[PDB]
Each structure stands twice: as C-alpha cells, then as structure tokens.
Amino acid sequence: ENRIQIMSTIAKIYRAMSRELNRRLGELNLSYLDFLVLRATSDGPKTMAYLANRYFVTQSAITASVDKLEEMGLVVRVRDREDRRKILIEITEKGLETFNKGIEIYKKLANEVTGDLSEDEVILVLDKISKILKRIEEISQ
C-alpha cells in the first residue's frame, strides 16, 4: 500500500544518497560516517556512546571514525580535569572548516535531487515527514 511504499522509498533514497555522498565526500578525505561525526560535534562536544547510538553504528565503527578524524586533526579527545577517563569528542578549527565544506557538498547534492520540487512542495514534504521521524524515534527507543 501507500504507507509501506513511503517507507520503502525513504529507504531507497537513503541508500542512493549514501552511495553518492561517500563518493563526493571522498574528495574531502571523509566517509559519510566521518562527516556525520563532524556534523554531530560541530555544535558541541559529544560522547562516543552518543555518536554510536545517534547514527545506529557499532562502537568499533565510531572508534575507527574518531581515531581517523583525530589523526586528520579534525577532532580531539577532551578529558575531564579530575577524571581523565570521561571523554568527549570535540571538533577543531580545521574540523569545522572541513565540516563546512562537507555541508556545501551536501547542499549542492540536495538541491540536485529535489530539483523537480518547488519550494512549496519541498516545505509540504518536510513538515509531514518530520512527523514520521518523531514517531519512529518514539517507537524505536
């Protein structure tokens, strides 16, 4: 039916976008997951547990991505002054610059794929799928 098709189309869109984003972000030496980590830390330091849960990936996956971004000088592991074991992933000046370039790549791709939709159509879809998102997040966790 139509409700199943909306979800299946959302899934197909995600896979195709993922493939293309990995390709375009590649020029910035980033994978889609690496970019997501930068996106998440761009507005404030995040725990590695948050990153794994928010993006539904394994802890080893986050560990690999963070280690990579750290070596690239895009993020740093900040430790509490009294308990060094408490770690937060913080974006660096260079990380923010790279994240910004990544946003432009994302922006350009988004404009291309939604090209057949008018501004009003875009708005109509956005407001309605935001409801779907609220519901699935309430259900899934």
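Note that residue numbering begins at 1 and tracks the sequence as displayed. The term rigid core refers to the maximal set of C-alpha atoms that superpose within 1.5 Å between the two forms.
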- Between stretches 16-24 and 119-127, more displaced by Cα RMS in 5 other deposited structures of this protein (rigid core superposition): 119-127
- Core superposition done, the stretch whose Cα atoms deviate more in 5 other deposited structures of this protein, picking from 83-91 and 100-108, is 83-91
- Item | Average Cα temperature factor in the PDB entry - higher stretch of 114-122, 17-25 | 114-122
- Looking at the deposited entry, does 73-81 or 89-97 carry the larger mean Cα B-factor? 73-81
- Query: When the CA B-factors of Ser65, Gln59, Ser42, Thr47 are compared as recorded in the entry, which is the largest?
  - Reply: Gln59
- Note on the structure: Quick tally, chain-level thirds of C-alpha B-factors: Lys128 sits in the highest
